[PDB]
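Reviewing the structure listed below.
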Amino acid sequence: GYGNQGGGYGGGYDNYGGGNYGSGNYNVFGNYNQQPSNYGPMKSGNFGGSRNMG
Amino acid sequence: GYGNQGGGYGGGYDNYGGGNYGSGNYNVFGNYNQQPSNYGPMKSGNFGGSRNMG
Amino acid sequence: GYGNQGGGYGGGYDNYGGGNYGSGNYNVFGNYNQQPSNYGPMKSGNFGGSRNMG
Amino acid sequence: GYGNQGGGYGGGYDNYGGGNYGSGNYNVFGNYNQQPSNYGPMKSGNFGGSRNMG
Amino acid sequence: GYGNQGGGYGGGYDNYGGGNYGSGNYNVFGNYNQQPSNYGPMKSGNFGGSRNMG
Amino acid sequence: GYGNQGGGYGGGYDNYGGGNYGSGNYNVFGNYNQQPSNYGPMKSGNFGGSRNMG
Amino acid sequence: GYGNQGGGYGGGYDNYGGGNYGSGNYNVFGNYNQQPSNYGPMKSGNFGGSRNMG
Amino acid sequence: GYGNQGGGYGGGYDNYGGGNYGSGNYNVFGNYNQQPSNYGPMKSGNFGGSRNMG
Amino acid sequence: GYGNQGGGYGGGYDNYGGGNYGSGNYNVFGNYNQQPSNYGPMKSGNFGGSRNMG
Amino acid sequence: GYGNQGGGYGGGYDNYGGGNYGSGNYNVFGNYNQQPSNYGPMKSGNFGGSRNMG
Amino acid sequence: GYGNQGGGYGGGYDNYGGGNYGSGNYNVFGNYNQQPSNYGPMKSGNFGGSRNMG
Amino acid sequence: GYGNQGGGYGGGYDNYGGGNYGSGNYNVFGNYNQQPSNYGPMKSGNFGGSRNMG
Amino acid sequence: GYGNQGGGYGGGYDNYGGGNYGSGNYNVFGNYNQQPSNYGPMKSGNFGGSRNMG
Amino acid sequence: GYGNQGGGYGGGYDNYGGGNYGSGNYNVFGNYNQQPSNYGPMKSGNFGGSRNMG
Amino acid sequence: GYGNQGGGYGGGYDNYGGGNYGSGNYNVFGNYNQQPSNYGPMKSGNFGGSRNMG
């Protein structure tokens, strides 16, 4: 693994979004079980005209 | 793995979106089980005219 | 793996969208089971005229 | 694997959309089981006149 | 694998759309099982006059 | 309406099964809607050698 | 309407099965709509040697 | 309406099963809506050799 | 309405099962809504050799 | 309305099961709403050889 | 109503533009009806230096 | 109502623009109805140096 | 109502702009109805140096 | 009402702009109704040095 | 009401701007209703050095 050398703007290994969202669960249910799950909107990155050049 | 050398703008290995969203689950259910799941909108990247050049 | 050398704009190995969305599940259900799943819109990339040149 | 050398704009190995969407599932159901699944619209790439040249 | 050398615009190995959409499933159902699946519109690429030259 | 007069066994106006099962619905759906419905077995009447004479 | 007068066994106006099963629906759907429906076996009447005489 | 007069066994206006099971619904849905419904087995009447004569 | 006069056993206007099970609902949903519903088995009447004569 | 006159056993207007089970609901939902509902088994009537004659 | 008496130029009761443009419509629509309407530019009067004096 | 008497130029009761533009509509719509309406630019009067004196 | 008597230029009761623009509408809508309306620019009067004196 | 008597220029009762712009509407909406309205710029009067004296 | 008598320039009862802009509306909305309204710039009067004296 080698990082970026150069660039007009800042070049980096930016991780904005990732991971596990309710994954790898081990559920054993009997009869009347309810497991609701809600995940809100995910906004990862540059928003509102960010990282602009003057 | 070798990173970017150069560019007019910042060249980098940017990861905006990824991962697991309710994957790899192990569910064993009996009789009347309910497992609802909702995932909101995913916005990954540059939004609103971001990373622009002046 | 060799990264980009150069370009007019920032050349990089950008990953905007990816991953698993409710994949690889192991479900064993008996009788009356309900497993609803909803995934919202996925917006990956550049939006609203992003990464433009002046 | 060799990256792009040069170009008028930023040449890179951009991955906008991909992955698994409810794939590779292992489901064994008995009697009255319901497994509904909805996937919203996927927008991957450049939208709204993005990555333009002035 | 060798990347693009040059071009008037940014030449890169861009992947806009791909992957598996409910593929490779292993389903064994008995009696009255329902497995509905809906996939929304997929928009991969450049939209709204993107990647234009001034 | 006049009921039964007599008989060797009990004569009556027995209603074992009836009604509406998801009938008269008013559904107006747009785009990707799923409305699954499952109704289990209906057993109406005399079962297991019922209402027998010694 | 006059009921039964007499008989060796019990004579009556027995209604075992009837009704509406997903009838008279008013559905107006647009684009990609799915409305699956399953009705299980209906067993109406006398079963297992019922209403026998000794 | 006149009830039963007589009989060897008890003659009556017995209602074992009936009613509405998810009927007359007024649903107006937009985009990705899921409304699953499961109804279990209905056992109405005499079971296990009931209402027998010695 | 006139009740039963007589009989070998007790003649009465017995209502074992009935009513509304999720009927007459007024649902107006937008975007990603899930309304799962499960109804268990209904056992109405005489079970296990009930109301027998010695 | 006139009740039962007589009988070998107790003749009465017995109501074992009835009512509304999540009926007549007025639900207006927006975006990602989940309303799961489970109703257990309903046992209405005479069970285990009840109301027998010696 | 009395007309103009005199003037340096021609005085008259000139009506250049007027009327009803899709007005007073009686529309009763059911389910998915579309009634688009476009009205082009209206140029009423004197244009290009008209009604000039030498 | 009395018209103009005199003037250096032509005095008259000129009506250039007026009327109803999609007014007084009676619309009763059910479910998914769309009634778009576009009205172009209205130019009423004297344009391009009209009604000038030499 | 009495008109103008005299003047250096033509004095008149000129109506350039007026009327109703989507007014007095009677709309009764149910569920998902859309009634968009666009009105273009209105230019009423004298433009481009009109009604000038030499 | 008496009109103008005299003046250096043409004195008149000029109405350039007026009327109703989406006024007096009677709207009764149920559930998800959208009624967007756009009115363009209104230019009423004398523009570009109009009604000038030489 | 008496009009102007005289003046160096044309004296008149000029109405440049007025009226109702989305006023007097009768709106009764239920649940999720949206009624956006945009009114553009209003320019009423004399612009660009109009009605000047030489």
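By order in the structure tokens, chains are A, B, ...; within a chain, residues start at 1; ligands start at 1, following the order shown.
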Output, as a PDB file with N, CA, C and O atoms, in the first residue's frame, the coordinates of chain B following least-squares superposition onto chain D across all in-order C-alpha pairs.
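out_19.pdb, written as the output of this step:
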```pdb
ATOM      1  N   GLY B   1      -2.400  -4.898 -13.674  1.00  0.00           N
ATOM      2  CA  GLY B   1      -3.239  -3.714 -13.650  1.00  0.00           C
ATOM      3  C   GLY B   1      -2.447  -2.422 -13.650  1.00  0.00           C
ATOM      4  O   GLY B   1      -1.652  -2.172 -12.744  1.00  0.00           O
ATOM      5  N   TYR B   2      -2.665  -1.596 -14.670  1.00  0.00           N
ATOM      6  CA  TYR B   2      -1.965  -0.328 -14.816  1.00  0.00           C
ATOM      7  C   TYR B   2      -2.988   0.786 -14.971  1.00  0.00           C
ATOM      8  O   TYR B   2      -3.910   0.678 -15.787  1.00  0.00           O
ATOM      9  N   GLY B   3      -2.822   1.852 -14.193  1.00  0.00           N
ATOM     10  CA  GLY B   3      -3.763   2.951 -14.238  1.00  0.00           C
ATOM     11  C   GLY B   3      -3.602   3.805 -15.480  1.00  0.00           C
ATOM     12  O   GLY B   3      -2.687   3.630 -16.284  1.00  0.00           O
ATOM     13  N   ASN B   4      -4.526   4.749 -15.639  1.00  0.00           N
ATOM     14  CA  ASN B   4      -4.475   5.652 -16.779  1.00  0.00           C
ATOM     15  C   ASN B   4      -3.240   6.543 -16.701  1.00  0.00           C
ATOM     16  O   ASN B   4      -2.767   6.895 -15.617  1.00  0.00           O
ATOM     17  N   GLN B   5      -2.712   6.903 -17.870  1.00  0.00           N
ATOM     18  CA  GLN B   5      -1.525   7.750 -17.937  1.00  0.00           C
ATOM     19  C   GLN B   5      -1.886   9.231 -17.862  1.00  0.00           C
ATOM     20  O   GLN B   5      -1.423   9.946 -16.969  1.00  0.00           O
ATOM     21  N   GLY B   6      -2.714   9.700 -18.791  1.00  0.00           N
ATOM     22  CA  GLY B   6      -3.078  11.104 -18.821  1.00  0.00           C
ATOM     23  C   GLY B   6      -4.361  11.314 -19.590  1.00  0.00           C
ATOM     24  O   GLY B   6      -4.924  10.387 -20.177  1.00  0.00           O
ATOM     25  N   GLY B   7      -4.821  12.557 -19.574  1.00  0.00           N
ATOM     26  CA  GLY B   7      -6.027  12.915 -20.294  1.00  0.00           C
ATOM     27  C   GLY B   7      -6.376  14.366 -20.050  1.00  0.00           C
ATOM     28  O   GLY B   7      -5.837  15.017 -19.148  1.00  0.00           O
ATOM     29  N   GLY B   8      -7.292  14.865 -20.882  1.00  0.00           N
ATOM     30  CA  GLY B   8      -7.754  16.234 -20.721  1.00  0.00           C
ATOM     31  C   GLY B   8      -8.452  16.460 -19.395  1.00  0.00           C
ATOM     32  O   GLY B   8      -8.310  17.518 -18.779  1.00  0.00           O
ATOM     33  N   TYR B   9      -9.221  15.476 -18.945  1.00  0.00           N
ATOM     34  CA  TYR B   9      -9.860  15.491 -17.640  1.00  0.00           C
ATOM     35  C   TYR B   9      -9.226  14.413 -16.765  1.00  0.00           C
ATOM     36  O   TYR B   9      -8.303  13.704 -17.180  1.00  0.00           O
ATOM     37  N   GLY B  10      -9.726  14.290 -15.538  1.00  0.00           N
ATOM     38  CA  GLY B  10      -9.169  13.336 -14.600  1.00  0.00           C
ATOM     39  C   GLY B  10      -9.563  11.914 -14.938  1.00  0.00           C
ATOM     40  O   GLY B  10     -10.725  11.524 -14.754  1.00  0.00           O
ATOM     41  N   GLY B  11      -8.609  11.125 -15.430  1.00  0.00           N
ATOM     42  CA  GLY B  11      -8.856   9.726 -15.720  1.00  0.00           C
ATOM     43  C   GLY B  11      -8.548   8.823 -14.543  1.00  0.00           C
ATOM     44  O   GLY B  11      -7.399   8.746 -14.098  1.00  0.00           O
ATOM     45  N   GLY B  12      -9.561   8.139 -14.032  1.00  0.00           N
ATOM     46  CA  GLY B  12      -9.383   7.258 -12.892  1.00  0.00           C
ATOM     47  C   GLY B  12     -10.308   6.063 -12.978  1.00  0.00           C
ATOM     48  O   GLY B  12     -11.275   6.051 -13.740  1.00  0.00           O
ATOM     49  N   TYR B  13      -9.993   5.047 -12.174  1.00  0.00           N
ATOM     50  CA  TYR B  13     -10.790   3.820 -12.114  1.00  0.00           C
ATOM     51  C   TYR B  13     -11.923   4.002 -11.104  1.00  0.00           C
ATOM     52  O   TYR B  13     -11.910   3.479  -9.989  1.00  0.00           O
ATOM     53  N   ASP B  14     -12.924   4.766 -11.526  1.00  0.00           N
ATOM     54  CA  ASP B  14     -14.047   5.116 -10.667  1.00  0.00           C
ATOM     55  C   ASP B  14     -15.104   4.020 -10.731  1.00  0.00           C
ATOM     56  O   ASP B  14     -15.581   3.670 -11.816  1.00  0.00           O
ATOM     57  N   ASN B  15     -15.462   3.476  -9.570  1.00  0.00           N
ATOM     58  CA  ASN B  15     -16.560   2.524  -9.445  1.00  0.00           C
ATOM     59  C   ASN B  15     -17.734   3.246  -8.800  1.00  0.00           C
ATOM     60  O   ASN B  15     -17.687   3.582  -7.612  1.00  0.00           O
ATOM     61  N   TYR B  16     -18.783   3.490  -9.581  1.00  0.00           N
ATOM     62  CA  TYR B  16     -19.937   4.232  -9.087  1.00  0.00           C
ATOM     63  C   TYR B  16     -20.981   3.303  -8.472  1.00  0.00           C
ATOM     64  O   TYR B  16     -21.474   3.558  -7.369  1.00  0.00           O
ATOM     65  N   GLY B  17     -21.320   2.225  -9.166  1.00  0.00           N
ATOM     66  CA  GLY B  17     -22.309   1.288  -8.675  1.00  0.00           C
ATOM     67  C   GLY B  17     -21.841  -0.144  -8.811  1.00  0.00           C
ATOM     68  O   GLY B  17     -21.125  -0.502  -9.746  1.00  0.00           O
ATOM     69  N   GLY B  18     -22.258  -0.964  -7.854  1.00  0.00           N
ATOM     70  CA  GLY B  18     -21.920  -2.374  -7.881  1.00  0.00           C
ATOM     71  C   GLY B  18     -22.330  -3.039  -6.586  1.00  0.00           C
ATOM     72  O   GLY B  18     -22.903  -2.411  -5.690  1.00  0.00           O
ATOM     73  N   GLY B  19     -22.031  -4.332  -6.504  1.00  0.00           N
ATOM     74  CA  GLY B  19     -22.250  -5.114  -5.309  1.00  0.00           C
ATOM     75  C   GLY B  19     -23.339  -6.137  -5.514  1.00  0.00           C
ATOM     76  O   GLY B  19     -23.747  -6.436  -6.640  1.00  0.00           O
ATOM     77  N   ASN B  20     -23.824  -6.688  -4.404  1.00  0.00           N
ATOM     78  CA  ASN B  20     -24.886  -7.685  -4.411  1.00  0.00           C
ATOM     79  C   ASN B  20     -26.116  -7.083  -3.753  1.00  0.00           C
ATOM     80  O   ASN B  20     -26.014  -6.454  -2.695  1.00  0.00           O
ATOM     81  N   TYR B  21     -27.271  -7.271  -4.377  1.00  0.00           N
ATOM     82  CA  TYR B  21     -28.539  -6.755  -3.872  1.00  0.00           C
ATOM     83  C   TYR B  21     -29.449  -7.947  -3.604  1.00  0.00           C
ATOM     84  O   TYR B  21     -30.191  -8.385  -4.488  1.00  0.00           O
ATOM     85  N   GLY B  22     -29.388  -8.470  -2.382  1.00  0.00           N
ATOM     86  CA  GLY B  22     -30.189  -9.619  -2.006  1.00  0.00           C
ATOM     87  C   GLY B  22     -29.853 -10.867  -2.793  1.00  0.00           C
ATOM     88  O   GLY B  22     -30.749 -11.578  -3.256  1.00  0.00           O
ATOM     89  N   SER B  23     -28.563 -11.145  -2.950  1.00  0.00           N
ATOM     90  CA  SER B  23     -28.094 -12.268  -3.743  1.00  0.00           C
ATOM     91  C   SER B  23     -27.423 -13.300  -2.849  1.00  0.00           C
ATOM     92  O   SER B  23     -26.951 -12.985  -1.752  1.00  0.00           O
ATOM     93  N   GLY B  24     -27.394 -14.541  -3.323  1.00  0.00           N
ATOM     94  CA  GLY B  24     -26.775 -15.607  -2.562  1.00  0.00           C
ATOM     95  C   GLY B  24     -27.528 -15.992  -1.311  1.00  0.00           C
ATOM     96  O   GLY B  24     -26.935 -16.555  -0.386  1.00  0.00           O
ATOM     97  N   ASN B  25     -28.824 -15.702  -1.254  1.00  0.00           N
ATOM     98  CA  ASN B  25     -29.624 -16.036  -0.087  1.00  0.00           C
ATOM     99  C   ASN B  25     -29.845 -17.539   0.000  1.00  0.00           C
ATOM    100  O   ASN B  25     -29.954 -18.229  -1.019  1.00  0.00           O
ATOM    101  N   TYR B  26     -29.898 -18.046   1.227  1.00  0.00           N
ATOM    102  CA  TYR B  26     -30.222 -19.439   1.504  1.00  0.00           C
ATOM    103  C   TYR B  26     -31.495 -19.449   2.337  1.00  0.00           C
ATOM    104  O   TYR B  26     -31.446 -19.244   3.555  1.00  0.00           O
ATOM    105  N   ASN B  27     -32.631 -19.682   1.687  1.00  0.00           N
ATOM    106  CA  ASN B  27     -33.930 -19.644   2.346  1.00  0.00           C
ATOM    107  C   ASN B  27     -34.591 -21.008   2.230  1.00  0.00           C
ATOM    108  O   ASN B  27     -34.750 -21.534   1.124  1.00  0.00           O
ATOM    109  N   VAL B  28     -34.968 -21.578   3.370  1.00  0.00           N
ATOM    110  CA  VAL B  28     -35.757 -22.801   3.425  1.00  0.00           C
ATOM    111  C   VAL B  28     -37.014 -22.472   4.214  1.00  0.00           C
ATOM    112  O   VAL B  28     -36.948 -22.228   5.425  1.00  0.00           O
ATOM    113  N   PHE B  29     -38.158 -22.463   3.536  1.00  0.00           N
ATOM    114  CA  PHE B  29     -39.410 -22.018   4.126  1.00  0.00           C
ATOM    115  C   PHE B  29     -40.404 -23.168   4.192  1.00  0.00           C
ATOM    116  O   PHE B  29     -40.425 -24.044   3.324  1.00  0.00           O
ATOM    117  N   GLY B  30     -41.233 -23.148   5.231  1.00  0.00           N
ATOM    118  CA  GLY B  30     -42.304 -24.114   5.369  1.00  0.00           C
ATOM    119  C   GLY B  30     -43.659 -23.462   5.548  1.00  0.00           C
ATOM    120  O   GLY B  30     -43.796 -22.508   6.319  1.00  0.00           O
ATOM    121  N   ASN B  31     -44.660 -23.959   4.822  1.00  0.00           N
ATOM    122  CA  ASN B  31     -46.052 -23.505   4.925  1.00  0.00           C
ATOM    123  C   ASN B  31     -46.134 -22.052   4.474  1.00  0.00           C
ATOM    124  O   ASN B  31     -45.667 -21.744   3.363  1.00  0.00           O
ATOM    125  N   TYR B  32     -46.686 -21.136   5.272  1.00  0.00           N
ATOM    126  CA  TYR B  32     -47.076 -19.807   4.798  1.00  0.00           C
ATOM    127  C   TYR B  32     -46.011 -18.784   5.180  1.00  0.00           C
ATOM    128  O   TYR B  32     -46.111 -18.091   6.189  1.00  0.00           O
ATOM    129  N   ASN B  33     -44.994 -18.660   4.337  1.00  0.00           N
ATOM    130  CA  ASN B  33     -43.940 -17.684   4.562  1.00  0.00           C
ATOM    131  C   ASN B  33     -43.945 -16.626   3.467  1.00  0.00           C
ATOM    132  O   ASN B  33     -44.167 -16.924   2.290  1.00  0.00           O
ATOM    133  N   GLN B  34     -43.697 -15.384   3.875  1.00  0.00           N
ATOM    134  CA  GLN B  34     -43.651 -14.250   2.963  1.00  0.00           C
ATOM    135  C   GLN B  34     -42.344 -13.507   3.166  1.00  0.00           C
ATOM    136  O   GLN B  34     -42.015 -13.122   4.291  1.00  0.00           O
ATOM    137  N   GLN B  35     -41.602 -13.305   2.082  1.00  0.00           N
ATOM    138  CA  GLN B  35     -40.327 -12.592   2.126  1.00  0.00           C
ATOM    139  C   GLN B  35     -40.321 -11.525   1.044  1.00  0.00           C
ATOM    140  O   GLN B  35     -39.683 -11.680  -0.005  1.00  0.00           O
ATOM    141  N   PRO B  36     -41.035 -10.425   1.255  1.00  0.00           N
ATOM    142  CA  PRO B  36     -41.011  -9.330   0.286  1.00  0.00           C
ATOM    143  C   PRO B  36     -39.727  -8.521   0.378  1.00  0.00           C
ATOM    144  O   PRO B  36     -39.118  -8.381   1.440  1.00  0.00           O
ATOM    145  N   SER B  37     -39.317  -7.987  -0.770  1.00  0.00           N
ATOM    146  CA  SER B  37     -38.096  -7.200  -0.860  1.00  0.00           C
ATOM    147  C   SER B  37     -38.276  -6.099  -1.890  1.00  0.00           C
ATOM    148  O   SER B  37     -38.723  -6.362  -3.010  1.00  0.00           O
ATOM    149  N   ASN B  38     -37.929  -4.871  -1.510  1.00  0.00           N
ATOM    150  CA  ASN B  38     -38.003  -3.716  -2.397  1.00  0.00           C
ATOM    151  C   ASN B  38     -36.660  -3.004  -2.395  1.00  0.00           C
ATOM    152  O   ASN B  38     -36.096  -2.740  -1.327  1.00  0.00           O
ATOM    153  N   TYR B  39     -36.156  -2.692  -3.582  1.00  0.00           N
ATOM    154  CA  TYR B  39     -34.918  -1.943  -3.743  1.00  0.00           C
ATOM    155  C   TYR B  39     -35.227  -0.663  -4.503  1.00  0.00           C
ATOM    156  O   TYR B  39     -35.800  -0.709  -5.596  1.00  0.00           O
ATOM    157  N   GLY B  40     -34.845   0.476  -3.925  1.00  0.00           N
ATOM    158  CA  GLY B  40     -35.140   1.746  -4.518  1.00  0.00           C
ATOM    159  C   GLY B  40     -34.280   2.016  -5.736  1.00  0.00           C
ATOM    160  O   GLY B  40     -33.389   1.231  -6.088  1.00  0.00           O
ATOM    161  N   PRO B  41     -34.553   3.133  -6.406  1.00  0.00           N
ATOM    162  CA  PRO B  41     -33.771   3.480  -7.596  1.00  0.00           C
ATOM    163  C   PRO B  41     -32.307   3.698  -7.253  1.00  0.00           C
ATOM    164  O   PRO B  41     -31.971   4.291  -6.228  1.00  0.00           O
ATOM    165  N   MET B  42     -31.433   3.214  -8.128  1.00  0.00           N
ATOM    166  CA  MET B  42     -29.993   3.364  -7.969  1.00  0.00           C
ATOM    167  C   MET B  42     -29.490   4.369  -8.993  1.00  0.00           C
ATOM    168  O   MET B  42     -29.652   4.166 -10.200  1.00  0.00           O
ATOM    169  N   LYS B  43     -28.884   5.448  -8.510  1.00  0.00           N
ATOM    170  CA  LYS B  43     -28.313   6.484  -9.362  1.00  0.00           C
ATOM    171  C   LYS B  43     -26.811   6.510  -9.123  1.00  0.00           C
ATOM    172  O   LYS B  43     -26.349   7.018  -8.096  1.00  0.00           O
ATOM    173  N   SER B  44     -26.051   5.961 -10.067  1.00  0.00           N
ATOM    174  CA  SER B  44     -24.601   5.880  -9.958  1.00  0.00           C
ATOM    175  C   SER B  44     -23.981   6.594 -11.147  1.00  0.00           C
ATOM    176  O   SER B  44     -24.351   6.326 -12.295  1.00  0.00           O
ATOM    177  N   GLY B  45     -23.046   7.499 -10.877  1.00  0.00           N
ATOM    178  CA  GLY B  45     -22.381   8.218 -11.944  1.00  0.00           C
ATOM    179  C   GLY B  45     -22.321   9.713 -11.719  1.00  0.00           C
ATOM    180  O   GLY B  45     -22.182  10.176 -10.584  1.00  0.00           O
ATOM    181  N   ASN B  46     -22.421  10.479 -12.801  1.00  0.00           N
ATOM    182  CA  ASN B  46     -22.396  11.935 -12.750  1.00  0.00           C
ATOM    183  C   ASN B  46     -23.770  12.448 -13.148  1.00  0.00           C
ATOM    184  O   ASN B  46     -24.300  12.064 -14.195  1.00  0.00           O
ATOM    185  N   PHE B  47     -24.343  13.311 -12.314  1.00  0.00           N
ATOM    186  CA  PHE B  47     -25.697  13.803 -12.509  1.00  0.00           C
ATOM    187  C   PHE B  47     -25.703  15.322 -12.426  1.00  0.00           C
ATOM    188  O   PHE B  47     -24.830  15.939 -11.810  1.00  0.00           O
ATOM    189  N   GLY B  48     -26.705  15.921 -13.060  1.00  0.00           N
ATOM    190  CA  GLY B  48     -26.845  17.368 -13.043  1.00  0.00           C
ATOM    191  C   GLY B  48     -25.693  18.107 -13.686  1.00  0.00           C
ATOM    192  O   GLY B  48     -25.261  19.147 -13.173  1.00  0.00           O
ATOM    193  N   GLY B  49     -25.185  17.597 -14.805  1.00  0.00           N
ATOM    194  CA  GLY B  49     -24.096  18.251 -15.505  1.00  0.00           C
ATOM    195  C   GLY B  49     -22.815  18.325 -14.701  1.00  0.00           C
ATOM    196  O   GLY B  49     -22.188  19.385 -14.620  1.00  0.00           O
ATOM    197  N   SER B  50     -22.420  17.213 -14.095  1.00  0.00           N
ATOM    198  CA  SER B  50     -21.225  17.161 -13.268  1.00  0.00           C
ATOM    199  C   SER B  50     -19.991  16.854 -14.109  1.00  0.00           C
ATOM    200  O   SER B  50     -20.081  16.363 -15.237  1.00  0.00           O
ATOM    201  N   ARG B  51     -18.826  17.155 -13.530  1.00  0.00           N
ATOM    202  CA  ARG B  51     -17.527  16.923 -14.163  1.00  0.00           C
ATOM    203  C   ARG B  51     -17.423  17.630 -15.514  1.00  0.00           C
ATOM    204  O   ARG B  51     -16.862  17.097 -16.473  1.00  0.00           O
ATOM    205  N   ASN B  52     -17.960  18.842 -15.587  1.00  0.00           N
ATOM    206  CA  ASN B  52     -17.909  19.638 -16.803  1.00  0.00           C
ATOM    207  C   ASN B  52     -16.635  20.477 -16.850  1.00  0.00           C
ATOM    208  O   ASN B  52     -15.969  20.705 -15.838  1.00  0.00           O
ATOM    209  N   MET B  53     -16.307  20.941 -18.051  1.00  0.00           N
ATOM    210  CA  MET B  53     -15.160  21.809 -18.282  1.00  0.00           C
ATOM    211  C   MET B  53     -15.647  23.221 -18.574  1.00  0.00           C
ATOM    212  O   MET B  53     -16.592  23.410 -19.346  1.00  0.00           O
ATOM    213  N   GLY B  54     -15.004  24.204 -17.953  1.00  0.00           N
ATOM    214  CA  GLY B  54     -15.353  25.596 -18.167  1.00  0.00           C
ATOM    215  C   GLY B  54     -14.798  26.150 -19.465  1.00  0.00           C
ATOM    216  O   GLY B  54     -14.034  25.478 -20.160  1.00  0.00           O
TER     217      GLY B  54
END
```
Residues flagged strand (DSSP E) by DSSP in chain E, as a ChimeraX atom specification: /E:20-21,26-30,33-34,37-39,42-46
